[PDB]
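Enquirer: Below is the sequence, then the experimental coordinates.
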Amino acid sequence: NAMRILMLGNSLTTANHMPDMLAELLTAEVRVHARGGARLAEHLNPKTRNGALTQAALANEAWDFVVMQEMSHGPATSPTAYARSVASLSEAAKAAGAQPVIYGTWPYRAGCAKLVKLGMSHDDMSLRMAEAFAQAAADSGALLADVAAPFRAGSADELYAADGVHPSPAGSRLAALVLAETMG
């Protein structure tokens, strides 16, 4: 059977045709449940469009993997909400016979306006995000696609969009490659 991947996320997932890139890398069918500004908790709530879509997909279709991407500062600013969302979505994925995957994202670029507004240092965000993903991977048994690591190893001018939050096309390509490695 061809590999089938369900991705839950927001513009960090959909930007720069990243799902299409991942699909071509893995020769996979990729379904995306995303909206700008979405949080993972929506997928647990069938009253939302994402929740209804995700409930139906897990009830009606067959998946190899379910990729979970949280709102970009959520793991840092609402760590408990994040942890509970991943836990419950991971259990739902496993119950459906799919392997859950965390799309681990990156701290915002040091000095950027969105990080200034959060009142959080770059180091604090870096550590909070890393801790959140590590703990969620361990607790849930989800595979971690750690995109923060190569972001840190790489060039910030290359990998970030102007806002220091969203990925550039190169940053999206990097996320696709990391996700493909994780699921390959």
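Expert: Looks like it came in fine. Residues are numbered from 1 along each chain as shown.

Enquirer: make it CA atoms for all contacts and neighbour counts henceforth
Expert: Noted.

Enquirer: and residue 153, what does it touch?
Expert: For residue 153, the contact set (CA atoms under 8 Å, 6 or more residues apart in numbering) is empty.

Enquirer: how near is it to residue 174?
Expert: 12 Å (CA to CA, to the nearest Å).

Enquirer: ok, now residue 42?
Expert: Residue 42 is 26 Å from residue 174, by CA to CA.

Enquirer: residue closest to the middle of this protein?
Expert: The centroid of the chain falls nearest to residue 69 when counting by CA atoms, centre = their mean (2.2 Å).

Enquirer: hang on, residue 128 packs against residue 74?
Expert: No. Here residue 128 does not reach residue 74: they are 10.0 Å apart, not a contact under CA atoms under 8 Å.

Enquirer: how about the helices in this protein?
Expert: Secondary structure of the chain (DSSP state H): helices at 11-14, 18-26, 49-60, 74-77, 79-95, 113-118, 122-140, 148-153, 156-159, 169-183.

Enquirer: Output the ones you listed in TSV; the columns should cover distance to residue 103.
Expert: Output for the helices of the chain, formatted as TSV (distance: least, CA to CA, whole Å):
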stretch	distance to residue 103
helix 11-14	9
helix 18-26	12
helix 49-60	17
helix 74-77	12
helix 79-95	11
helix 113-118	20
helix 122-140	9
helix 148-153	10
helix 156-159	16
helix 169-183	7
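
Enquirer: who wins for proximity to residue 106 among those helices?
Expert: Distance to residue 106, taken as CA to CA, is lowest for helix 148-153 among the helices of the chain, at 4.3 Å.

Enquirer: List the contacts of the residue lying closest to residue 146 once chain neighbours are set aside.
Expert: The shortest distance from residue 146 to any non-neighbouring residue, by CA to CA, 6 or more residues apart in numbering, is to residue 104 (4.8 Å). Contacts for residue 104 (CA under 8 Å, 6+ apart) come out as 69, 133, 144-148.

Enquirer: ok, 6 Å please
Expert: Listed by CA atoms under 6 Å, 6 or more residues apart in numbering, the contact set of residue 104 reads 145-147.

Enquirer: Now which of those residues would you call buried?
Expert: Buried members of the contacts of residue 104, counted by 16 or more other CA atoms under 10 Å: 145-147.
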